[PDB]
Each structure stands twice: as structure tokens, then as C-alpha cells.
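Below you will find one chain, with nothing else, as C-alpha cells; this is the form deposited in one PDB entry, and questions on how it binds or moves follow later.
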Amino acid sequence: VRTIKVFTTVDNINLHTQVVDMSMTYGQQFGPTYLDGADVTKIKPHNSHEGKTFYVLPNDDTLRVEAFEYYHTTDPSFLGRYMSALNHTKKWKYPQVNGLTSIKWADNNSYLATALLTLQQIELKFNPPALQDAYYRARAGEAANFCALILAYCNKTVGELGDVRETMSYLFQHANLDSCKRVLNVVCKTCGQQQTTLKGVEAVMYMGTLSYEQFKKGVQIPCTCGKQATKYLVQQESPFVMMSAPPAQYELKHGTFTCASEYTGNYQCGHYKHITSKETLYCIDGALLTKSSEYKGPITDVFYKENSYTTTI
């Protein structure tokens, strides 16, 4: 009977001393077992494993609490999905493009590249320590844990088509957006005026128009009575807003916005590019960089900087 000492963990901070029998698999001893994303469930302990840290599933009460405190989930499959993703994302390249961490194209990750690029241009603090820790490493160029977490939080596998608006929506649920406030006003000529106050995630996202200006002036929407009503922004308190719409030809003017997502293709299949406004317009497509004075393209998402807005109307 040969034994080695290893450490189990769910958070890669708190370690649990285990003595493993080298005659049985990790699976027979701990259940599903991963070594930096690699599934070692059906492998037997090698000598070179002595003193290494394995991720295991939260199989007792201490690990359930460690896992919850670090990731803010009790989804039974979360760590499996994280590990499975990490195994791929640690193989991706993360070049610095114009001082932002991007991702070299692989495994249909264009929506993640534009998400990662967007997150480095907006004021956002994550609540789950997993996201805080991984984001800090992502800003510095080691984005593999962050990208695998986005996949695990969003319940996406590597290779699956993602939507940038849906992805941002999940990440925003795990961000401190409690100070964010939006007041809308809906004028129908029959039904009269109706104010609505939105907080948190619903205060920074809108689907229907790409234009922050048009949202301030009013957009037409159908009222329950059947008339077109005008919905306009009365008050905005957020460090950013995100305007989203189905992809349409739209002209981005330098200095009028922070960054945007371009989508070419259809519902089922397509590609994202990222446009950022700096000294001029840069298009980032994974590792690729071009610039222009003006940009026209099928835009789906535009991010604007904000502090406080109050309507004059």
C-alpha cells in the first residue's frame, strides 16, 4: 500500500489535506477530480502528484460553504463546467491590442473577445471573489480563468454561439449596480403619462435603439391601447449605459460613445467585432486591429459613459 499527500480545494485558496491510496483512481476516492482543468477522475495518483492541489466537487458541508463564498453559486455542475472550460481557455492566446487584453480567435470565442474588451472600458466591480480575482488577472493579460468563469456563469460550453447582450446581463447580475437608477416616462395621447423607476441591471441596459440621444428625445413603442406612445429617459444615474438592438447599419461617430459590438451573419451563425473610440476609431477583431475616422457596420450594442443625466423636456 503506497500513499501520497495531496490537497483538495474548490476555491484554490483553502486547502484540505488528503492521504490518497495510489492503487485506486481519484474518482474512487474523492469523486470527480480536476488538475488545473484536466479531468483526472479515472487516473490513479502518480508520485509527481505529491503536494499538488486538485479541484473536487463540494462533497461535504465545508466545501459547499467554501464554494458558495467564492463563486456565489450552489449549482451542482458549476465546478465541472468551469474546469471543462478552463481546459480550453488556458490554450487560448490573450494579446494586448492597443493596451486592452483581447483573445486570438479560437473555438468561436468572438463574442467573448468583445465582452472581455468591453469590460476593460466600463467601471464595474464584481461581487463573487472568483470574478474579482480572475478579472484582475485578465486586465494584466492572464484571462483564461476569467473566460472559463464567464462560460460557467453563462452556462455556455466552448464552441457554442453566445450573444454579447445576454453575456453582459449574467455578468451584471454578479456586479454591484445597486447605486444605478433609471426613471422612464411613457406618454400615450389616450392613456396619459406613466413614470417607471428601474434599479440595478435594468437601469443600465435597454433593447430597442443604439442611440443614447434618441432615448433622451423619445422612441416610439406600442401602448396596450394600440396607439404609439413615446418612452423617454427622465433621469439616469449609472457610470455607463448599454444600448442594444437587432444588428442594423449604423454610423458610429468618433468621441460620441465608449465602445460597440458589430455583428455580421444571422441568428444561428455569425461573428462579433469590437469598435472602441480613443484618439480615433479602432476595430479589434481578436488579434486584428484596424482604425478609421468614421465607421459604418451592423452594430448590436453601444456603451456610453454616464454620471448623472436629468431631462430638460
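Residues carry their position along the shown sequence, with the first being 1.
There is another form of the same protein, the form deposited with a small molecule bound; it is not shown, and what comes next is about it.
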### Message
Suppose contact means a heavy atom within 4.5 Å; in the deposited bound form, does that hold for all of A67, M207 and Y272 with the small molecule?
### Response
yes
Of 275-283, 36-44, 243-251, 23-31, the segment with heavy atoms within 4.5 Å of the small molecule in the deposited bound form is residues 243-251
* If you check in the deposited bound form, is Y55 within 4.5 Å of the small molecule, heavy atoms only? -> no
Please tell me whether any heavy atom belonging to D133 falls inside 4.5 Å of a heavy atom of the small molecule, as the geometry stands in the deposited bound form.
no
Decide whether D163 counts as a contact residue for the small molecule in the deposited bound form under a heavy atom distance cut-off of 4.5 Å. yes
(request) Would you please decide whether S48 lies within 4.5 angstroms of the small molecule in the deposited bound form, comparing each non-hydrogen atom pair? (result) no
Only hit among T196, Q220, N98, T74 for heavy atom within 4.5 Å of the small molecule in the deposited bound form is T74
